[PDB]
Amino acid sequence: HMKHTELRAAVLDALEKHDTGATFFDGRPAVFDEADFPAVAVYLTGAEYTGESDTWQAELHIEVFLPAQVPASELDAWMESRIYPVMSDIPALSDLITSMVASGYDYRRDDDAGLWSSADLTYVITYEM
């Protein structure tokens, strides 16, 4: 297919392999269903062409969702337990990109509805389409 699908699939596959207690999403969902939590979504944002070469740059997210009123440690625990480790070595993803560096780690919330709470892990990557 095109590069973006491969990228998310490589991350989604590795994350799905071990952990077996979460609903995975390809792209960042808008609404949820109780049965979806714990939810984990892998997606891209800000993808853009770079050249002044065929290099593109994007922000890779792996976000964990849980019911609104849950303590930060719940999200962190899921992250430090079923995600962060996987992200250390993913040969599949590696073969598809030219580079990857840690970026941020944000705690987010359901802006209006207030139905969910989350932890968004982000890496900056560069690749060829």
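Numbers follow the displayed sequence, beginning with 1.
Undergrad: Looking at the deposited sequence, how many residues between residue 52 and residue 53 were given no coordinates in the entry: none, 1 to 3, 4 to 9, or 10 or more?
TA: The entry has 1 to 3 unmodelled residues between residue 52 and residue 53.
Undergrad: Test of understanding: from the entry's C-alpha B-factors, which stretch has the higher mean, 2-10 or 120-128?
TA: Comparing averages over the C-alpha atoms only gives 2-10.
Undergrad: So 88-96 or 41-49, which one's hotter by mean CA B-factor in the entry?
TA: Here the higher of the two C-alpha B-factor means belongs to 88-96.
Undergrad: Between 63, 59, 80, 36, which carries the biggest CA temperature factor in the record?
TA: Max CA B-factor in the entry, restricted to 63, 59, 80, 36: 36.
Undergrad: Name the third of the chain's ranked CA B-factors that contains residue 104, choosing lowest, middle or highest.
TA: For residue 104, the deposited C-alpha B-factor lands in the lowest third.
Undergrad: Using the B-factors in the PDB entry, rank residue 26's C-alpha atom against the chain and give the third, lowest, middle or highest.
TA: For residue 26, whose C-alpha B-factor we compare with every modelled residue in the chain, the answer is the highest third.
Undergrad: For the chain shown, is the CA B-factor of residue 70 in the lowest, middle or highest third of its modelled residues?
TA: For residue 70, whose C-alpha B-factor we compare with every modelled residue in the chain, the answer is the middle third.
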